[PDB]
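The chain below stands alone, shown as structure tokens; this is the form deposited in one PDB entry.
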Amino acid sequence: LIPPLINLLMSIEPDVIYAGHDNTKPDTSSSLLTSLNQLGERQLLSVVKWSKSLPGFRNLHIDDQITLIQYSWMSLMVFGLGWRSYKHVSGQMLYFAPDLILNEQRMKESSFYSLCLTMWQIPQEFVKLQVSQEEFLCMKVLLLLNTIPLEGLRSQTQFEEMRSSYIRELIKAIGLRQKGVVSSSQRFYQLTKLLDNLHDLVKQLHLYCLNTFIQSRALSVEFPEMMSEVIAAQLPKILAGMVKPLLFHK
């Protein structure tokens, strides 16, 4: 049977989120990126809502809650994109939303094919490892908790306890299918290594983001309110490496 914290995590997952994209018109770089940013804003709002229901999170200092959301949003978005692509189209298209799906041809015709290929890595990796929903749910929490300030958090003690709790929960999730101690220990390494490796992929997305934000008027790319807020709040600092990424391994 499923451990209760994992069942809770499944129950607080966001519903389907639409981009609001107009698919009756041919793609342009402006229109596609603008629609992705509108989808982004909606997903960001859902992350905030989810975080209010996430066990432990509300008990961190409010300033730590804001910081963790501001540090982790890109990671959470691309991880979710990977999962949706894996679950709905067998990993073979980028499933941003039910109304915004990029097959490879649409990726190629875009102005950001290379970015698409970088993002397309994650679902191909989920296909490879056959990530379970229970593993995904725990891993996604750990991504929320995977970078802290250089000076640490105000609620550092509670944060450490929360993070450790979800790491123990991931171990329980692995235990649902992987019977055997050797396989289970190796799977822990693999999933946590995948999380370590996401830091590098996300850095590429962060650089793209900040360049796009700076150039948004010239590119005719709209950045909505909360997205602009989180970018302005922390993105240069994150890109500069003036934060502490938490690594599971060397």
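Residue indices: 1-based, along the sequence shown. By rigid core we mean the largest C-alpha set that fits within 1.5 Å across both forms.
Hey, does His21 show up as a hole in at least a third of the other compared models? In none of the comparable entries (those modelling both sides of it) is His21 left without coordinates.
Take the C-alpha B-factors listed in the entry for 157 to 165 and for 127 to 135, compute each mean, and give the stretch with the larger one. Here the higher of the two C-alpha B-factor means belongs to 127 to 135.
If you average the Cα B factors in the entry, which is higher, 187 to 195 or 200 to 208? Mean CA B-factor is higher for 187 to 195.
Which of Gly82, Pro149, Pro98, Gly175 ranks first by CA B-factor in the deposited coordinates: Highest C-alpha B-factor among the listed residues goes to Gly175.
Going by the entry, which of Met74, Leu94, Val141, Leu117 has the most elevated CA B factor? Largest recorded C-alpha B-factor: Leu117.
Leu145 - which third its CA temperature factor falls in, relative to the rest of the chain: Within its chain, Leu145 is a lowest-third residue by C-alpha B-factor, going by the deposited values.
Compare the C-alpha B factor of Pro236 with those of the other modelled residues in its chain, then answer lowest, middle or highest third. CA B-factor rank for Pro236: lowest third.
Where the record places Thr28 (Cα B-factor, split into thirds across the chain): Its C-alpha B-factor, which the entry lists for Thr28, ranks in the highest third among residues of this chain.
Taking the C-alpha B-factors as the PDB entry records them, is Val78 in the lowest, middle or highest third of its chain? Lowest third, going by the recorded CA B-factors of the chain.
Which third of the chain holds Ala19 when residues are ordered by C-alpha B factor: lowest, middle or highest? Its C-alpha B-factor belongs to the middle third of this chain's values.
Heads up, the form deposited with a partner chain bound isn't pictured, but that's what we're talking about next.
Is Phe188 part of the interface with the partner chain in the entry with it bound - any heavy atom within 4.5 Å? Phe188: no, not in contact with the partner chain in the entry with it bound.
At the 4.5 Å heavy atom threshold, is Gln65 in contact with the partner chain in the entry with it bound? It does: once the partner chain is placed as it appears in the entry with it bound, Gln65 has a heavy atom within 4.5 Å of it.
In the entry with it bound, is there a heavy atom of the partner chain that lies within 4.5 Å of any heavy atom of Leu33, even though the partner is absent here? Heavy-atom contact with the partner chain at 4.5 Å: absent for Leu33.
Is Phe96 close enough to the partner chain in the entry with it bound to count, meaning some heavy atom within 4.5 Å? No, no contact at 4.5 Å.
At 4.5 Å between heavy atoms, only one of the stretches 70 to 78, 84 to 92, 139 to 147, 171 to 179 reaches the partner chain in the entry with it bound; which one is it? Result for this chain: 70 to 78.
Looking at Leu195, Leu44, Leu54, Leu205, which is the one with a non-hydrogen atom within 4.5 Å of the partner chain in the entry with it bound? Flagged contact: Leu44.
So, superposing on the core, is the move of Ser11 at the CA at least 2 angstroms between this form and the one not shown? No, its C-alpha moves less than 2 Å.
Kindly indicate if, in the entry with it bound, the C-alpha atoms of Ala232 and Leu45 are closer or farther apart than in the structure shown, bearing in mind the change is 3 Å or more. Relative to this form, farther apart in the entry with it bound.
Flagged pair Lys193/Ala240: C-alpha distance shifts by 3 angstroms or more in the entry with it bound. Which direction, closer or farther? Between the C-alphas of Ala240 and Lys193, the gap narrows in the entry with it bound (3 Å or more compared with this form).
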